[PDB]
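Every chain is numbered from 1 and lettered A, B, ... according to where its sequence line falls, protein lines coming before strand lines. Every heavy atom of this structure was used, including side-chain atoms; hydrogens, water molecules and symmetry mates were not.
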Amino acid sequence: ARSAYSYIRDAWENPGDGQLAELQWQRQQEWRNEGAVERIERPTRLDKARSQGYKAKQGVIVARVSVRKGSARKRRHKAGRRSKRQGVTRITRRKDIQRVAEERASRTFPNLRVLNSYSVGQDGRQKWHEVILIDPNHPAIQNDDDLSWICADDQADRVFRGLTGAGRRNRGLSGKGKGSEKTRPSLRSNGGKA
Amino acid sequence: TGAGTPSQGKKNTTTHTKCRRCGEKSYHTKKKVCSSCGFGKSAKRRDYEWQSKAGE
Amino acid sequence: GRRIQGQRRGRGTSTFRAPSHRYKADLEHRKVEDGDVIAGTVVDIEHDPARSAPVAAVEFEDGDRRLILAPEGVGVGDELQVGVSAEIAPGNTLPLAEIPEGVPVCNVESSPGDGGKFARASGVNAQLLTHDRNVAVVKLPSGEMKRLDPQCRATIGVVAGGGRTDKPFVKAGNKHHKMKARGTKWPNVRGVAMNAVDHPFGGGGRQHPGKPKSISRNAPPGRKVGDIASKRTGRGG
Amino acid sequence: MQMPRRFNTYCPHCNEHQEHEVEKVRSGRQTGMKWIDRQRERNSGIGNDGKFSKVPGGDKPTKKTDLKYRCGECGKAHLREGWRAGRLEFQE
RNA sequence: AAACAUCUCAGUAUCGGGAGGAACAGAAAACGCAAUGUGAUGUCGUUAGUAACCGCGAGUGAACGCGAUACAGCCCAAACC
RNA sequence: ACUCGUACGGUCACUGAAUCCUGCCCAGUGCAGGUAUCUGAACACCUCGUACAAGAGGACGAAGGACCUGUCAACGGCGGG
RNA sequence: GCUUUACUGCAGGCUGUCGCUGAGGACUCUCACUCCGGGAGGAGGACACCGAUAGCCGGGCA
Ligand SMILES: [Cl-]
Ligand SMILES: [Cl-]
Ligand SMILES: [Cl-]
Ligand SMILES: [Cl-]
Ligand SMILES: [K+]
Ligand SMILES: [Mg+2]
Ligand SMILES: [Mg+2]
Ligand SMILES: [Mg+2]
Ligand SMILES: [Mg+2]
Ligand SMILES: [Mg+2]
Ligand SMILES: [Mg+2]
Ligand SMILES: [Mg+2]
Ligand SMILES: [Mg+2]
Ligand SMILES: [Mg+2]
Ligand SMILES: [Mg+2]
Ligand SMILES: [Mg+2]
Ligand SMILES: [Mg+2]
Ligand SMILES: [Mg+2]
Ligand SMILES: [Mg+2]
Ligand SMILES: [Mg+2]
Ligand SMILES: [Mg+2]
Ligand code: NA
Ligand code: NA
Ligand code: NA
Ligand code: NA
Ligand code: NA
Ligand code: NA
Ligand code: NA
Ligand code: NA
Ligand SMILES: [Sr+2]
Ligand SMILES: [Sr+2]
Ligand SMILES: [Sr+2]
Ligand SMILES: [Sr+2]
Ligand SMILES: [Sr+2]
Ligand SMILES: [Sr+2]
Ligand SMILES: [Sr+2]
Ligand SMILES: [Sr+2]
Ligand SMILES: [Sr+2]
Ligand SMILES: [Sr+2]
Ligand SMILES: [Sr+2]
Ligand SMILES: [Sr+2]
Ligand SMILES: [Sr+2]
Ligand SMILES: [Sr+2]
Ligand SMILES: [Sr+2]
Ligand SMILES: [Sr+2]
């Protein structure tokens with residue numbers, strides 16, 4: 001039969017309709033009054049969290065992060081530039097907002113490692129994402145068959161090197177064939193043309 | 001008053017001093033920042049790739 | 001070119017800042033719970049560096065000693081009141097609603113409780129004209145009819161120091177001393193007297209703006225100089 | 001100059017002389033779906049857009065005749081070199 | 001590019017952040033020598049200055065495949081408990 | 001920043017103590033206001049086209065412009081016959 | 001380096017449109033949001049601010 005989780009899932013396919021609509025209208029009022037990174041006891045989208053690796057266990061942390069909406073916040077050129085490199089307004093950054101959110105969260109919790117993240121809406125001037133972080137130093141986690149992999153030394157600061165799911169997608173690593181000629185195995189090795 | 005010799009006589013201010021962190025006489029005692037190693041400005045050590053030829 | 005002086009101003013460097021560390025206080029009305037049971041006595045008259053006008057130090061019943069924006073005619077010993085039931089006399093503060101029409105007031109609040117925004121300069125005053133249950137009409141010093149919340153507080157009378165403007169500075173040195181008490185760069189070098197690199201009007205064999213002075217409202221900073229969006233110029237017509 | 005609306009001449013299709021009607025070539029409308037149209041969009045962005053920033057050239061004092069010759073029996077037309085003519089008016 | 005604006009120099013120099021002894025990638029919503037065919041991923045040789053791009057100028061420039069190197073495949077979410 | 005500031009303020013410009021004065025010009029350019037009608041982009045909308053889409057056309061029309069007015073201690077002008 | 005009704009662009013301002021954004025060619029309301037208030041509460045209000053885009057101006061800048 002349908003899991004209770006599927007109901008949370010199905011509700012979020014249209015965050016603008018039904019009860020969820022009312023919840024968001026109510027919630028965001030409080031979120032707007034919260035900081036940039038607020039730790040929270042429980043995921044707002046349980047099905048998503050569990051699906052991404054979340055577990056109700058010691059060493060598993062969830063935090064909501066908000067980031068200003070829109071394109072790049074760039075300063076116009078103070079030195080000579082050819083028309084091409086004079087743009088300022090319509091230029092956007094190469095990292096999506098979710099990635100910026102994952103990094104801020106990870107900065108707030110220096111000892112934790114980003115496991116994954118997902119969206120929880122936005123208003124006209126900002127977007128919110130909840131990030132799942134794991135404590136690689138807690139025994140409850142060092143002994144987990146599903147999460148202990150994140151305790152390895154080469155997993156340290158994984159978010160800052162683009163090793164997150166959002167990181168890999170944003171680096172154009174989804175496709176295994178056509179279109180990934182310059183993304184795999186890394187943007188840098190391909191001369192940075194991906 | 002000329003900008004040369006006559007103006008050099010007014011120089012008796014102490015700015016750069018021996019730095020606690022790196023030992024170079026580069027700790028600006030008025031800014032409390034080392035122009036050589038970055039002490040007072042950054043926990044990380046002051047460094048730049050332009051301090052050497054690009055391919056070296 | 002180089003940024004014009006008006007642009008250097010915005011960075012808020014020392015040269016353009018007001019000597020705030022030398023200023024006394026921001027003569028904002030006292031906050032009263034209600035009842036109006038708040039009265040104090042003028043303990044002294046002082047000079048206000050930021051406005052070149054006198055200010056009165058008042059000691060209130062509940063023990064609060066604060067400077068106040070004094071109207072003309074307030075002296076030591078006098079007793080002032082601040083509240084809805086305050087008596088209708090010079091130097092007293094109360095909401096416009098309580099003020100009788102045709103009475104000159106000063107230090108008028110823009111939004112009830114802000115502390116006073118209008119008519120604060122030497123010898124000026126707003127004129128309370130129309131009353132109502134929804135809007136109090138005041139005539140500001142510039143002659144503009146302003147619609148205000150009758151709940152906006154004000155002080156009866158005109159501001160002290162009137163006529164300050166009637167005497168000429170006579171010499172640069174006097175202007176100098178006053179300018180040193182404000183957030184202003186003085187003296188003033190004419191734009192036409194500068195190099196082209198320094199101002200839209202600079203350059204040229206003889207001095208003259210090489211363009212019409214009336215600049216558009218939409219002009220970007222650096223170019224908005226001269227007569228800003230003038231509806232007209234001159235004295236004629 | 002004057003030009004007869006119809007006259008006998010060689011029709012390269014029937015491969016024999018037949019009566020033709022002369023008409024000035026009317027400009028066909030563009031679709032905006034040609035390769036060049038897509039290149040202009042793909043290559044135009046911020047700043048100068050190379051060739052797509054160039055604007056229409058001038059004019060020659062006189063243009064060459066631009067006509068269609070339609071065979072009166074097979075209905076098919078053919079083109080011919082044109083010749084500079086300040087004005088071209090048809091007779092009848 | 002014998003000027004120069006797209007283009008080029010070049011994702012180079014330089015800057016911010018971060019890991020390791022190596023990094024990154026990686027068990028197909030692949031490929032498409034179209035097949036009764038191949039079978040995770042790097043890398044090397046080649047495919048090839050080819051296809052593709054481009055004031056269609058100057059210039060820029062892959063991939064599949066093939067020969068090699070080395071080979072390795074698994075774990076969750078949910079269903080039912 | 002101005003600003004512990006509020007039109008007797010402070011911003012932007014021109015002229016340059018006092019004294020006697022400061023004429024004519026609004027066509028061009030600038031600024032500003034208005035504007036029946038004209039022109040005026042995109043989204044949405046309608047028609048054609050496409051089993052869809054590209055695309056073509058229509059209707060509506062903001063600022064702006066056309067047009068009208070104000071303005072020279074606004075740029076400036078005050079000749080030839 | 002400087003100028004401008006040189007060429008081409010870029011900031012910036014004005015203006016429309018979409019999102020924020022809700023209820024009953026002109027309108028009312030309150031619940032988001034904004035502002036004032038120490039607070040209660042008051043003012044405003046689906047506008048404004050902000051994100052996106054479109055037209056106009058644009059030697060302020062390249
Ligand atoms: Cl991390
Ligand atoms: Cl003054
Ligand atoms: Cl012809
Ligand atoms: Cl194959
Ligand atoms: K260049
Ligand atoms: Mg298991
Ligand atoms: Mg005050
Ligand atoms: Mg000073
Ligand atoms: Mg001067
Ligand atoms: Mg000079
Ligand atoms: Mg200039
Ligand atoms: Mg002059
Ligand atoms: Mg002069
Ligand atoms: Mg060249
Ligand atoms: Mg590699
Ligand atoms: Mg050439
Ligand atoms: Mg290249
Ligand atoms: Mg291929
Ligand atoms: Mg002089
Ligand atoms: Mg505030
Ligand atoms: Mg220039
Ligand atoms: Na961290
Ligand atoms: Na392109
Ligand atoms: Na050359
Ligand atoms: Na050159
Ligand atoms: Na090109
Ligand atoms: Na083969
Ligand atoms: Na005129
Ligand atoms: Na020079
Ligand atoms: Sr670290
Ligand atoms: Sr000197
Ligand atoms: Sr000397
Ligand atoms: Sr000295
Ligand atoms: Sr420091
Ligand atoms: Sr460094
Ligand atoms: Sr105040
Ligand atoms: Sr206050
Ligand atoms: Sr000049
Ligand atoms: Sr006159
Ligand atoms: Sr493009
Ligand atoms: Sr362009
Ligand atoms: Sr010609
Ligand atoms: Sr294998
Ligand atoms: Sr004089
Ligand atoms: Sr005029």
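- In the interface, the side chain of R125(A) is not paired with the base of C20(G) through any donor and acceptor atom under 3.5 Å apart.
- Because its NZ or CZ atom is both nearer than 6.0 Å to the ring centre of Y7(A) and within 45° of the ring axis, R2(A) counts as a cation-pi partner of that residue.
- Residue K51(D) places its side chain closer to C56(E) than to any other of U53(G), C56(E), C4(F).
- Geometry at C12(F) and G23(F) does not meet the Watson-Crick or G-U wobble definition with both required distances under 3.5 Å.
- For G10(F), the OP1/OP2 oxygens have a side-chain nitrogen or oxygen of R182(C) closer than 4.0 Å.
- Between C78(F) and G70(F), the two key atom distances do not both fall under 3.5 Å in a Watson-Crick or G-U wobble layout, so no such pair is counted.
- Side-chain N/O atoms of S6(A) include none lying less than 4.0 angstrom from OP1 or OP2 on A78(E).
- Applying the 4.0 Å criterion to OP1 and OP2 of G26(E), one finds that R184(A) has a side-chain N or O inside that range.
- Sugar pucker at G39(E): south, on the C2'-endo side, as the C1'-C2'-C3'-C4' dihedral is below zero.
- Residues satisfying the ring pair (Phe, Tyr, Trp, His ring centres under 6.0 Å) criterion with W35(D), sequence neighbours excluded, are absent altogether.
- For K176(A), a side-chain nitrogen or oxygen approaches OP1 or OP2 of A27(E) to under 4.0 Å.
- With both atom-pair distances required to fall under 3.5 Å, no Watson-Crick or G-U wobble pair links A46(G) to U30(G).
- Between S110(C) and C36(G), a side-chain N or O to OP1/OP2 separation shorter than 4.0 Å is absent.
- When each of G9(G), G17(E), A13(F) is scored by its nearest atom to the side-chain atoms of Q86(A), the top-ranked nucleotide is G9(G).
- Dashed line: the shortest gap from a side-chain N or O of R171(A) to OP1 or OP2 of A25(E) is under 4.0 Å.
- Side-chain N/O atoms of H199(C) include one lying less than 4.0 angstrom from OP1 or OP2 on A13(F).
- Closest to the side chain of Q29(A), from the set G9(F), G17(E), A32(G), is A32(G).
- Stacking between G55(E) and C56(E) does not hold, since their six-membered rings do not have both centres below 5.5 angstrom apart and planes below 30 degrees.
- Applying the side chain to side chain donor-acceptor pair (under 3.5 Å) test between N107(C) and each of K117(C), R153(C), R120(C) identifies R120(C) as the sole match.
- For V124(C), whose side chain is taken as the heavy atoms from C-beta onward, the closest listed nucleotide among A32(F), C2(F), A7(F) is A7(F).
- Side chain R85(A) to base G9(G): no donor-acceptor pair is found below 3.5 Å.
- For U29(F), the sugar pucker falls north, since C1'-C2'-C3'-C4' comes out positive.
- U34(G) and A43(G) are base-paired, meeting the Watson-Crick or G-U wobble geometry with both donor-acceptor distances under 3.5 Å.
- For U30(G), the sign convention on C1'-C2'-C3'-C4' gives a south pucker, since the angle is negative.
- In terms of phosphate contacts, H208(C) brings a side-chain nitrogen or oxygen within less than 4.0 Å of OP1 or OP2 of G76(F).
- Judged by atom type and distance alone, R76(A) reaches the base of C61(G) through a side-chain donor-acceptor pair under 3.5 Å.
- Under a 3.5 Å limit on both donor-acceptor distances, the bases of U47(F) and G10(F) fail the Watson-Crick or G-U wobble criterion.
- With its glycosidic angle within 90° of 0, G61(F) is assigned syn.
- A Watson-Crick or G-U wobble pair joins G55(E) and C4(E), with the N1-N3 or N1-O2 distance and the second distance both under 3.5 Å.
- Here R120(C) reaches the OP1 or OP2 of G5(F): one of its side-chain N or O atoms lies under 4.0 Å away.
- With a 5.5 Å centre cut-off and a 30° plane cut-off, the bases of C78(F) and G79(F) come out unstacked.
- Within the 4.0 angstrom heavy-atom criterion, no nucleotide atom of any strand lies near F52(D).
- Contact of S214(C) with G30(F) (side chain to base): a donor-acceptor pair of N or O atoms is detected under 3.5 Å.
- Base stacking of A46(G) on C47(G): absent by the 5.5 Å centre and 30° plane cutoffs.
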